[PDB]
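Where a number appears in this text, it was derived from the coordinates with a stated rule and is not lab data. Here the Cβ is made from the backbone with ideal geometry for all residues, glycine too, and neighbour counts use every protein chain on show.
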Amino acid sequence: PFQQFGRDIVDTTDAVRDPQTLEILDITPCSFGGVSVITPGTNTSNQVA
Amino acid sequence: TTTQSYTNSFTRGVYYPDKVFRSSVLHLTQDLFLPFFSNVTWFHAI
């Protein structure tokens, strides 16, 4: 009942309690990742993946 | 009146440092805690 925040091992906000409904919700990164463009030689073709 | 005997705290007086949830962790907190096995004053009520 006294807990409002929520963290984890590496001191990052993981879960949050709803201040309006007294319910719990956990937090996740949105879509973080990395874009890598796969392409053959530009002298051969221009299509990429 | 009352007495003034002394005792040992043992693993006592530890509170939650904040309102931050933490599950299955070993968080180290620097805060005003009661020292372990410290001297605690004893009083009486007559």
*What tally of residues in the range A:1-44 results from selecting those that are within 24 Å of B:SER23 (Cβ to Cβ) and away from chain B (no Cβ under 14 Å)?*
6
*How many residues are exposed (fewer than 10 other Cβ atoms within 10 Å of the Cβ) and either in contact with a helix residue (DSSP H, G or I) (Cβ under 7 Å, 6 or more places away or on another chain) or of a type in the set (A, V, I, L, M, F, W, C) (or both) when one looks only at chain A?*
10
_Looking only at the range B:6-36, how many residues end up being away from every other protein chain (no Cβ under 14 Å), part of a loop (DSSP other than H, G, I, E, B) and surrounded by 10 or more Cβ atoms within 10 Å (Cβ to Cβ)?_
8
